[PDB]
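Worksheet for the structure shown next.
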Amino acid sequence: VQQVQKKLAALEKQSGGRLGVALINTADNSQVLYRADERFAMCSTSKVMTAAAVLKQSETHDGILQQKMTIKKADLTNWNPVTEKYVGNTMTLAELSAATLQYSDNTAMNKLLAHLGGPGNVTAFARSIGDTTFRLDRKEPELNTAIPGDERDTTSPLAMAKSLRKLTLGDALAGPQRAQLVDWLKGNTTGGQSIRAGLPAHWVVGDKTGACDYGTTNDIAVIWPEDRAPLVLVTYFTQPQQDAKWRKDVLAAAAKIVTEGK
């Protein structure tokens, strides 16, 4: 265990950046923490709490996920892998949530934020489930500045791990909604070189990555090691240079270190 701590410490030192890790083993509620209470820019990982807020609404508003929103060339941002295919057309909130979570579409995220009434409403949702650390302050793409010392759009590894657990395995969301969030996370297409890369290939994983300024490379996930109790893992990482290159390999290494033998 302290060997795990030594390995994480060495990983961070060799990386030249700041690493934040929080692992929750639901088998016994044990935890592996590294700078777990420190704040890190969430960047696209904030889309999980956002999508979850929409899901929460569907618990009391029948068919909300089928509600349509119009996409216009003017809505496009710096990253629209899915939405650019719908310019001049409509997308359902479910499609927007899927695009946001599985392709990290920025325009999709903004549509969800607009629907919800703004970032503040996502912060409110977080508080409703007991997360007093999480905070969403801006929309896309500004929420990705990840400026050192800035608390806007940040959270801690442990707070995000606990919230991810509550949302996917706990009671923060009702059954159908909980299942939909788990399905969307499992279907993510951008995590291939992150947390997943540090795990045995047949383990089942649901995750949401992040890549923004200051070489900030993030990933939060729920991991099912074969037939054993699921693990909730948050790996956040940021660097000194605003234009630093992303280090998905660092997240993979952190993941292997804390999950080996689980």
Side-chain angles (χ1 to χ4, degrees), residues 4 7-8 11-12 15 17-25 31-36 38-52 79 81 100-106 109 133-134 136 143-144 146 153-165 167-169 181-201 203-225 230-239 244-260 262:
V4 169
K7 286 187 174 179
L8 291 177
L11 172 57
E12 180 180 65
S15 71
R18 182 169 64 102
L19 177 70
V21 183
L23 169 75
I24 296 178
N25 187 336
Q31 317 176 328
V32 178
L33 314 172
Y34 193 84
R35 294 189 191 292
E38 285 183 36
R39 282 179 176 284
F40 290 75
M42 293 179 278
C43 292
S44 321
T45 63
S46 65
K47 291 168 182 165
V48 177
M49 188 71 74
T50 302
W79 188 236
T100 297
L101 296 176
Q102 313 183 318
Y103 292 86
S104 206
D105 194 300
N106 279 355
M109 168 63 149
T133 304
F134 174 109
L136 193 60
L143 65 79
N144 306 114
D153 311 290
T154 64
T155 195
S156 69
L158 184 57
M160 193 60 250
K162 289 185 176 180
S163 286
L164 186 59
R165 184 185 180 175
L167 297 171
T168 62
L169 303 169
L181 179 59
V182 168
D183 180 67
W184 283 331
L185 294 172
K186 285 175 178 175
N188 179 40
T189 74
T190 65
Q193 299 66 58
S194 300
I195 289 176
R196 295 170 186 255
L199 314 171
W203 283 13
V204 177
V205 177
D207 84 295
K208 181 70 195 74
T209 50
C212 45
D213 292 353
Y214 289 88
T216 304
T217 317
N218 306 324
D219 198 13
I220 67 176
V222 180
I223 299 161
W224 287 269
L231 311 173
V232 180
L233 176 63
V234 168
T235 58
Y236 280 164
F237 178 71
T238 191
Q239 307 172 71
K245 291 301 175 182
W246 298 313
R247 297 298 303 286
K248 295 178 183 177
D249 60 315
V250 170
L251 303 186
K256 176 175 291 182
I257 288 173
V258 305
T259 65
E260 194 179 70
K262 301 300 194 305

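Hydrogens, waters and symmetry mates play no part in the numbers below; they use all other heavy atoms, side chains included. We're numbering straight along the sequence, starting at 1.
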State, to 0.1 Å, how close [X] and [Y] come at their nearest heavy-atom pair, and which atoms those are.
{"X": "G17", "Y": "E12", "value": "O-CG, 3.2 Å"}
{"X": "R35", "Y": "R18", "value": "CD-CG, 3.7 Å"}
{"X": "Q102", "Y": "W184", "value": "NE2-O, 3.0 Å"}
{"X": "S156", "Y": "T133", "value": "N-CG2, 3.6 Å"}
{"X": "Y236", "Y": "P157", "value": "CD1-CG, 4.2 Å"}
{"X": "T259", "Y": "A255", "value": "OG1-O, 2.8 Å"}

Please tell me if the side chains of [X] and [Y] come closer than 4.5 Å, counting only heavy atoms from C-beta onward.
{"X": "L143", "Y": "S46", "answer": "yes"}
{"X": "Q239", "Y": "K245", "answer": "no"}
{"X": "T217", "Y": "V250", "answer": "no"}

NZ of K262: more than 12 outside heavy atoms within 6.0 angstrom?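 More than 12 heavy atoms, drawn from other residues, nucleotides or ligands, come within 6.0 Å of this atom.
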
With a sphere of 6.0 Å drawn around CD of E38, does it hold more than 12 non-hydrogen atoms of other residues, nucleotides or ligands? yes

Using the side-chain hydrogen bond (donor to acceptor under 3.5 Å, both in side chains) criterion, which residues pair with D213? Sequence neighbours excluded. none

Tell me whether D219 contacts the main-chain N or O of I195 through its side chain, where contact means a donor paired with an acceptor under 3.5 Å.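 Yes, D219 side chain to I195 backbone: donor-acceptor pair under 3.5 Å.
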
Let me have the donor-acceptor pairs involving side chains of residues 205-212, under 3.5 Å, with sequence neighbours excluded, atom names and distances please.
{"from": "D207", "atom 1": "OD1", "to": "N188", "atom 2": "ND2", "distance (Å)": "3.2"}
{"from": "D207", "atom 1": "OD1", "to": "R196", "atom 2": "NE", "distance (Å)": "2.8"}
{"from": "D207", "atom 1": "OD1", "to": "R196", "atom 2": "NH2", "distance (Å)": "3.0"}
{"from": "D207", "atom 1": "OD2", "to": "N188", "atom 2": "ND2", "distance (Å)": "3.4"}
{"from": "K208", "atom 1": "NZ", "to": "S104", "atom 2": "OG", "distance (Å)": "3.0"}
{"from": "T209", "atom 1": "OG1", "to": "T190", "atom 2": "OG1", "distance (Å)": "2.6"}

Among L231, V204, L199, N25, side chain to side chain contact (heavy atoms under 4.5 Å, CB included) partner for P225: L231

Residue that, paired with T45, satisfies side chain to side chain contact (heavy atoms under 4.5 Å, CB included) out of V234, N218, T216, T235: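 It is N218, the one option of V234, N218, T216, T235 that forms the side chain to side chain contact (heavy atoms under 4.5 Å, CB included) with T45.
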
Inter-residue atom distance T154.OG1 - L136.CG, 0.5 Å rounding: 10.0 Å

